[PDB]
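Below sits a lone chain in structure tokens, taken as the form deposited in one PDB entry.
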């Protein structure tokens, strides 16, 4: 289990990564080594089409189910406009953020939403935070996004998980599992859920894996985490980054089963 994960490829052989490496796009990547594949990267309309974001879709035909995601990095100060453009273009209603802005004195994410009652403007979108409600492990916010060119409004639910430790992984998986079940509760139809952490591969991969395992468990279907991970990595490289993360995922999967 914890040995074949380490043997598994990080990037799918043959899959080109070219746009992410273009000189004009380099400072739009948070981490120089975490890049979207050309084939699954999200495209922006405009003269510069690039964001470090990937479409990641998890098919479970044995449940007549497809769970769509957009996996992305924490936006940078100069990529917030693009982040909100993706949210707008895809009319996404749920953003899941798996980090605090800083962890052990290191920046992980730019604050791309306002603290109420402030507002922000990014790429011609006005953002207002209508509500902010905390639980022990996470914060739920309702965002009103206004396209300043058209006056059109869109409501977006923003979930931020704040309890992940600055080192390693949660000692007790309960709160994270509750969070994933809340995310599942808000998922719509075949509408992607935007998920990000700092690079959009580690905690993001853990989340996608656990939602997938929960869907499988619910319909009494077999769960092979190494398959689930490979499937994600064919769509965004390096997802589920560390053995500690993979080990965490596995034990959690056995908990939900046994509980």
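Positions refer to the first chain, counted from 1.
The same protein has a further form, the form solved in complex with a partner chain, not shown here; the description that follows concerns it.
Partner proximity in the bound PDB entry, defined as non-hydrogen atoms within 4.5 angstroms of its partner chain, places exactly one of 220-228, 53-61, 31-39, 186-194 at the interface: 31-39. Using a 4.5 Å cut-off to its partner chain in the bound PDB entry, not one of 86, 91 and 122 places a heavy atom inside that distance. 199 is the sole member of 199, 232, 213, 206 with a non-hydrogen atom lying within 4.5 angstroms of its partner chain in the bound PDB entry.
The shortest heavy atom separation between residue 66 and its partner chain in the bound PDB entry exceeds 4.5 Å. Contact check for residue 26: a non-hydrogen atom falls within 4.5 Å of its partner chain in the bound PDB entry. When its partner chain is considered in the bound PDB entry, residue 18 lies well away from it, no heavy atom lying within 4.5 Å. Residue contact check for residue 12: none of its heavy atoms lie within 4.5 Å of its partner chain in the bound PDB entry.
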